[PDB]
């Protein structure tokens, strides 16, 4: 699976985006993971949900609206395990995105852009990927 990974999507409440991968280096060297829910296939399009993991450290979430980054949200939840494969499940709920790591919710991000505006997801930074699945 190619990284950066870019796919067309359509999401509504009840959708799940499942991502399985592994960091490329040890946590001590702070690899990153970025998942961006875009409003168009164009890479510089707006981002309804930006999810950036600083492995071993913290998580940052934000949106990019009309080309401007908005209010940053930080979390110190760090369920990811050094050297391990992870399974991320991003659940689209009516009110928010909910990010599960290995089956339990650790991060939440209330919708700032309607989820019906999302048309693309990009997964990138310092990971290998083996699965990218949007629920049917």
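Numbering follows the first chain given and starts at 1.
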The stretch whose C-alpha atoms carry the larger average B-factor in the entry, 60-68 or 77-85, is 77-85
Identify the stretch, either 121-129 or 18-26, whose C-alpha atoms have the larger mean B-factor according to the entry.
-> 18-26
Residue 110: which third of its chain by C-alpha temperature factor?
-> middle
Where does residue 44 sit by CA temperature factor within its chain: lowest, middle or highest third?
-> highest
Chain-wide C-alpha B factor ranking for residue 101, given as lowest, middle or highest third | highest
Looking at the C-alpha B-factor of residue 94, is it in the lowest, middle or highest third of its chain?
-> highest
